[PDB]
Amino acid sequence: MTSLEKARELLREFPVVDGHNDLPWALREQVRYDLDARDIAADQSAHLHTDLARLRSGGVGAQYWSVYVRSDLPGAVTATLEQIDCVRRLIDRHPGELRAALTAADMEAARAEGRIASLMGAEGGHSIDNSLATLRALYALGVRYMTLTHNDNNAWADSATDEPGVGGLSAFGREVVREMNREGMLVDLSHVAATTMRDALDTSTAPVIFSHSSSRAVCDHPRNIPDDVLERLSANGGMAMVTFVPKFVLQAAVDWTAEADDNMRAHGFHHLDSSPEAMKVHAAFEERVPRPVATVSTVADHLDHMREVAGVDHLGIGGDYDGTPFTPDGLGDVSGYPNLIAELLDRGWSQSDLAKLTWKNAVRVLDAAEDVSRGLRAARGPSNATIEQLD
């Protein structure tokens, strides 16, 4: 059979545990959670990267649904609760295809019955409003990982896409990691600065993850992971879940975006300005310089290097579907995973290597977080520390 046919067979046995899908945010922005307007039980290809049929075609067996909220707007906690509510509603609306998962055991139970294990991951420490009790509340509601920062620094952690702040993690930042370790919430290092990555690895007593980050050695961009950090994963026991974002994985795209941003500033606009006037400037740039397109090969290049440095037992996949506008050819939506697996097969990846990449590593890591949590919960009570006291 073809590599694609083989890929589908392999995924039927050990499906993909995707680390970051922003369907909730997309639903929030597109229809303000009017789920009937974007029923994922129907074909949503015209509006979203995600729907149930495409997830099945793509071989997704577990999904960490992102409950991301903007860090540049007030009421982050309320918004996070609304994002969590959206995930809960989706699970309740589609019992035949989805199953809520809070543990590694739940993930296996879902796989055994043929349902997509649905977990939640918060994206940005701003979601806890400098409150450890709030962190515990999010865990109680089902959140199983939290990206320490999003695109901007918060009071206790530095973002890779912001200027240096506290120098990685502040004293309270380390306290947050300790509490996440005690609760059993995975520390997600995507988005954070390299300094923050190292501070988190020094502090965490549990395996950490990168829900959606690729290789900095392959593509030099702050959102990607440095080799020195990848090297520490084997000891930490964590995993880096490769992402598909073109402007992060394709060199030409990284350069194009940098030049597009410079062009915006050249016209007196902040590179993130979305006004009609700013859009005119960007449109003119794309007119003379077409946007480069990434491919499955681009993503495979990152996985090959990540495997060499981090090890096959420390890799995963975090597509970032519905969280980013552009996608690599062959990975246009959630139904594309088989194309990536086929490419890896053509590159010599073994069936067991691939089962680890898609399913086994993710389950091991969540189980490890649970194991570390059992020990810490029995050893001490929860922290009542405040950011004022520590910082």
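Note that residue numbering begins at 1 and tracks the sequence as displayed.
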query	finding
95-103 versus 272-280 - greater average Cα B-factor per the deposited record	272-280
Residue range whose averaged C-alpha B-factor is higher in the record, 226-234 or 148-156	226-234
Residue with maximal Cα B-factor (values as given in the PDB entry) among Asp129, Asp188, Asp72, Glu179	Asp72
Options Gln63, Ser350, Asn361, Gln30 - largest CA temperature factor per the record	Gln30
Among modelled residues of the same chain, the CA temperature factor third for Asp320	lowest
Third assignment of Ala368 from its chain's C-alpha B-factors	lowest
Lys356 - Cα temperature factor, lowest/middle/highest third of chain	lowest
Lowest, middle or highest third - CA B-factor, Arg12	highest
Chain-wide C-alpha B factor ranking for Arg115, given as lowest, middle or highest third	highest
